[PDB]
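When we count neighbours, we look across all protein chains shown, and the Cβ atoms used for this are built from the backbone with ideal geometry, even at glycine. Values in this text are rule-based calculations from the coordinates and carry no lab data.
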Amino acid sequence: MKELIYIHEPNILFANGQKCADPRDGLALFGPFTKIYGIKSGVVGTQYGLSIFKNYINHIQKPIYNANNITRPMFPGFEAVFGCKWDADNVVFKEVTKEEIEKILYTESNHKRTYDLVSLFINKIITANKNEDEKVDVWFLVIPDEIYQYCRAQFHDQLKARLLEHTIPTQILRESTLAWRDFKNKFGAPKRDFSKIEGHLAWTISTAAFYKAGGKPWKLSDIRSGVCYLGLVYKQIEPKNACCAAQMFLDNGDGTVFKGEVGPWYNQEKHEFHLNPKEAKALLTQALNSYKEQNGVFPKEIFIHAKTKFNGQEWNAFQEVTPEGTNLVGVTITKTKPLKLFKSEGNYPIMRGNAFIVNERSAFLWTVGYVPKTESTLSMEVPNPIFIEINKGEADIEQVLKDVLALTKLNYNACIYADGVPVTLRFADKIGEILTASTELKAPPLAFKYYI
Amino acid sequence: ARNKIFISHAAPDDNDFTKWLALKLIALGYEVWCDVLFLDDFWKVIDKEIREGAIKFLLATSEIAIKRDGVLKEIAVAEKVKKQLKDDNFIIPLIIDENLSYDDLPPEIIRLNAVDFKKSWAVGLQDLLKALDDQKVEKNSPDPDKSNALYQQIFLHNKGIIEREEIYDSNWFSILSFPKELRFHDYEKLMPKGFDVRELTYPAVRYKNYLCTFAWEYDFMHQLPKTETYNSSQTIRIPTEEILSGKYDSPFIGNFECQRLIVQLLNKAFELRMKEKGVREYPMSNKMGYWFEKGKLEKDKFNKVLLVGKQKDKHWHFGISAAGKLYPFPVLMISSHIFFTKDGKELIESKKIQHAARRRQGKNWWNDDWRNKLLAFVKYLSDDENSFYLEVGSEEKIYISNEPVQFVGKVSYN
RNA sequence: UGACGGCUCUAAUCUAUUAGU
DNA sequence: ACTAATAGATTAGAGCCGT
Ligand SMILES: [Mg+2]
């Protein structure tokens, strides 16, 4: 008989330091941790796209009721949740003609096609960014379906990458999402039906817009102080690999500071997805210096986690550049071995937060499960748990589980209950997808506002 | 004294608005009694307050809250109470329904000016908060303590996790028994053409130049010419109990490599016996499924849970892929699959078509549906009552529990 | 690319071992 | 040293549907 220890759900801080377990409830009830004065929109689309965007903004002004209000919380309205104003009439609209898109699409070179499609939008924003006095906080790109389907060296990745040197928060919204009712797959019904999940769509879009405009919808507090939770992701370039780092740590006031710590890092090694000693030393020195400048003193622990296992050489380099009094914990999080738990009698999956301890150096954690708070399980099918292995260093296998579960609750790109994989890894993955989309960038923007 | 703000509404529909507003007002230091917030004769308790406890009577007005006679009763008493209080600024309507024309209300309220919530709730709450200070309604400090209690009693006490014990059926099938000892035979020279072990009927792997196998040196004689004449007393034999304990560490072979060879032998034996068993196989990208076919299953079903099926034009077949993992405890990790066949006789040769079906078919099946199918499909493998054996040698073999490992958890949900 | 999740198909590396160059 | 084979492992990706 195998015993499953249980890890409870951590609490995330909201306005006035009040705690809750669901962003979709904590925000609607309490309000964001930091409030902004308002959001100046910026739209780069057609007249059709501008009309759609204004319609959607005014629609989310009013409360949004989704079909199953009980399982997924309703949307009070943008100003009702966040406390700032987001009007559809303050749009600094920059028109894009379908004809110039058409002449771009007719070019033989696909790489030049996607480069020119990116260049159109970015140069119009670049131009507006420097030639418009009206300040714009977030630029919302209402792209048509032709861009999405004809152009497939990715539109989104390069577009986010080529704006990094100018530091312009952007939000791509395909017109299929905003006008889903009038986008039908010739059957007479929408291509993807948002009807029962309209409120959750409003939640996600509004949260993304609020975050990119300088607001912090919620922050984390159920993590150990003095520890720099650091995540690495390796991305393929074809025979090079690129490593990206995202770090989250409590400050002097115990407030989470989540920032990327990524410079271009390329390793040529026979072993896949590893790092030469120089790159590893540079990465750890950057992270430690960032913690030092944010808090003064050095961390009491460097909780390095990744989807891969570290070899000896890079760990020795890590230790060599590490000062004294600081411990290093290298944790590998893998999601490949199928351990599907079926409940004996019933029809709803295992509760999220259950944890199976293999031994002192490994565990299974169900970061995806059935959450009673929303009554809606995060997985349609049986949820595969994440295998958390303490690869190197000394740690408490339950403390690592609770730390990972806490790190699974800071996804600002979506206002879901919690993320299946820890957020630092997923955001480092997004950075790697973007930082590698364009050529190596000097001092790349270190804030997720410019990536997600 | 009367320091409570009564909130009246439709019971099954206006809950969302009133819950937000009541919690919003409570968070600001007010004392708000709402039936959704504090209901537990019902007319008598609310009347007491309306005539004694209520200081304001906020009407969540909508196209249904004005057709709810129960609600109209609550206004009828409010109005009177208003006359007892001479408080003309008592009933303060709250119109959230943009569908409501604002000018289709009962005479009692049609003469009173609403607070507009039709266009956005935030300005309406700003309007309400504006009115409440204007009418000097007293309010306590917005302490998030007693207010926190109401918040949890409403939503954060619901977060509660049933602390009863549940039983979870996984997909790990432990290996009941491993052979007494591991044997390293030497057929390097006896090998007629150093051929692979496809001819061998017993799982064998040539570690270095020694064909190690759980089959005895004499077992290979039919498919192995020259090897037929092999002398004994020249076979490296390692205790499998020592290997699994990770105790055998010799320069000839390490524990890691020996366990690797054990895993490989188990995988081969499963593939072998699979052929012994009546079931068609499927070539997946990186595994071998077993697409059950018509004839091998009565009514395309077994152990009371189908393992086969038929789609709109194709046929779904519940298949499984086995990979034995000694870590943590020797188990035969089994994975569920669905193979769609053109007519239950031949699998579609299009991976994209097969995948798109697996997906659509996956919507129908549930937790219990997958568990029953997996357990029934495994129970077909059973040779004896409570297990099934996978030969690892003519004399030695590996037995695997036909029931998966049970996992028991501390907590459950509703 | 509002999102999340499951799955499917490729691909390489690592390690061991033998063969050959 | 360097290629080929058989694995098992460990990681990438590309993809395609569901909600
Ligand atoms: Mg985003």
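At-a-glance table
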| quantity | calculated |
| --- | --- |
| Helical mean residue ellipticity (222 nm; -39500 (n - 2.57) per DSSP H run of 4+; nearest 500) of chain B | -9000 deg cm²/dmol |
| Pairwise label distance in nanometres, B:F42 with B:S387, each label 7 Å out on the Cα-Cβ vector | 6.2 nm |
| Whether the stretch A:183-225 is rounded, prolate or oblate, judged on the alpha carbon gyration tensor where a/c under 1.5 counts as rounded | prolate |
| Summed side-chain charge close to B:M288 - residues other than B:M288 whose Cβ falls under 14 Å, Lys, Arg +1, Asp, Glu -1 | +4 |
| Span from the the stretch B:339-401 Cα centroid across to the the stretch A:351-368 one, whole angstrom | 27 Å |
| B:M191/A:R181 FRET efficiency (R0 60 Å; Cβ-Cβ; nearest 0.05) | 0.25 |
| Pairs of Cα atoms farther than 42 Å apart, chain B, % | 50 percent |
| Shielding by partners, peptide B:158-169 (average Cβ within 10 angstrom, other chains) | 5 |
| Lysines whose Cα lies under 20 Å from that of A:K19, excluding same-chain neighbours fewer than 8 positions away | A:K35, A:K216, A:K219, A:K373, A:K402, A:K409, B:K19, B:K24, B:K146, B:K159 |
| Check: the stretch B:31-136 dipole with +1 on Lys, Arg Cβ and -1 on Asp, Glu Cβ, in debye | 280 debye |
| Percent of beta bridges antiparallel (DSSP, chain B, rounded to nearest 5) | 75 percent |
| Relative contact order for the stretch A:27-80, counting Cα pairs under 8 Å that sit 6 or more residues apart, in percent | 31 percent |
| Peptide ranges A:440-448, B:396-404, A:95-103, A:165-173 listed from the most packed, as the mean C-beta count within 10 angstrom indicates | B:396-404, A:165-173, A:440-448, A:95-103 |
| Inter-centroid distance (Cα atoms) of the stretch A:129-171 relative to the stretch A:239-274, Å | 25 Å |
| Beta bridges by DSSP in chain A, antiparallel share as percent, to the nearest 5 | 60 percent |
| Proxy reagent accessibility, fewest Cβ within 10 Å first, across B:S336, B:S387 | B:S387, B:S336 |
| Theoretical gain in end-to-end length, B:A356 to B:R198 [0.36 nm per residue, Cα-Cα removed] | 53.4 nm |
| The stretch B:133-201: chymotrypsin sites (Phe, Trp or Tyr not before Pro) in DSSP coil with no more than 16 other Cβ atoms inside 10 Å | B:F195 |
| A:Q149-B:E281 FRET efficiency (beta carbon distance; Förster radius 56 Å; 0.05 resolution) | 0.90 |
| Percent of beta bridges antiparallel (DSSP, the protein assembly as shown, rounded to nearest 5) | 65 percent |
| Cleavage-rule hits, GluC sites (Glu not before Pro), the stretch B:167-251, DSSP coil, Cβ neighbours within 10 Å at most 13 | B:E188, B:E199, B:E228 |
| Cα gyration tensor shape for the stretch B:177-280, rounded if a/c is under 1.5, else prolate or oblate | oblate |
| Unit charges on C-beta of K, R, D, E only; dipole of chain B, Debye | 1100 debye |
| Cα gyration tensor, the stretch A:326-452 - rounded (a/c under 1.5), prolate or oblate | oblate |
| Farthest positive-ward along the stretch A:273-412 dipole, Cα basis, beta-carbon charges - from A:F318, A:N276, A:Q294 | A:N276 |
| Between the stretch A:196-217 and the stretch A:372-437, the alpha-carbon center distance in angstrom | 20 Å |
| Partner chain coverage, peptide A:347-353 - average Cβ within 10 angstrom | 5 |
| Using a Förster distance of 51 Å, the FRET efficiency for B:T229-B:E346 (Cβ separation, nearest 0.05) | 0.65 |
| Per DSSP, loop chymotrypsin sites (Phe, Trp or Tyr not before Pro) in the stretch B:232-323 with at most 15 further Cβ within 10 Å | B:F252 |
